[PDB]
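1. Opening with a subset of the complex:
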Amino acid sequence: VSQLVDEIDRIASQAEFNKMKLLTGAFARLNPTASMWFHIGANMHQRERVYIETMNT
């Protein structure tokens, strides 16, 4: 169990895309450090928010 719980924390801190951590709670909803927006248009205000919640032990 100590081995399994250790791996989950290891995954959360090391889940990274383009030098950005995802599963550590960076992009949560309540208290996020960074807010993720995707550009899906050719105009000024075509933006939709993305949430990735905290997934540590």
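-> That came through fine. Residues are numbered from 1 along each chain as shown, chains lettered A, B, ... in the order given.

2. what about the closest residue to residue A:24 other than its chain neighbours, which helix or strand?
-> For residue A:24, ignoring the flanking residues on the chain, the nearest one in space by Cβ to Cβ, 6 or more residues apart in numbering is residue A:12 at 5.2 Å. (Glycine included, C-beta is placed from N, CA and C.) Per DSSP states H and E, residue A:12 falls inside helix A:2-14.

3. now what about that helix, what contacts it?
-> A:21, A:23-24, A:54-57 (Cβ atoms under 8 Å, 6 or more residues apart in numbering).

4. hmm, try it at 7 Å
-> Contact partners of helix A:2-14, identified using Cβ atoms under 7 Å, 6 or more residues apart in numbering, comprise A:21, A:23-24, A:55-57.

5. cool, stretch A:39-47 as well?
-> A:37, A:48.

6. Further, place chain B onto the existing structure:
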Amino acid sequence: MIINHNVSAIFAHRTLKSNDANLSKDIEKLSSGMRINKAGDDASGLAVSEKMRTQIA
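-> Let me put chain B in with the others:
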């Protein structure tokens, strides 16, 4: 008609050079299979791809 200057031929060759330039930039991609082969096509896109290749290897 003015015979000492051929403006209509000038427009023909000036457009010819530009179309000849873009044609050469497309042989590279088809012969290689990669959209970006030299800098200038997309500076940010080339940089992000190399950082991804760091993770892949």
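
7. mind redoing the contacts of helix A:2-14 now chain B's in there?
-> Identification of contacts with helix A:2-14 by Cβ atoms under 7 Å, 6 or more residues apart in numbering or on different chains yields A:21, A:23-24, A:55-57.

8. Can you tell me the closest non-neighbouring residue to the spatially most central residue of chain B?
-> Residue closest to the average C-alpha location in chain B (Cα atoms, centre = their mean): residue B:25, at 3.5 Å. In space, and not counting its chain neighbours, residue B:25 is closest to residue B:41: 8.0 Å by Cβ to Cβ, 6 or more residues apart in numbering or on different chains.

9. State the number of residues packed around residue 11.
-> In the absence of a named chain, this looks at chain A. 14 (other Cβ atoms under 10 Å in any protein chain shown).

10. Please refer instead to chain B.
-> Other residues lying near residue B:11 total 10 when counted by other Cβ under 10 Å.

11. how far away is it from residue B:19?
-> 12 Å (Cβ to Cβ, to the nearest Å).

12. any idea which element residue B:26 lies in?
-> helix B:7-32.
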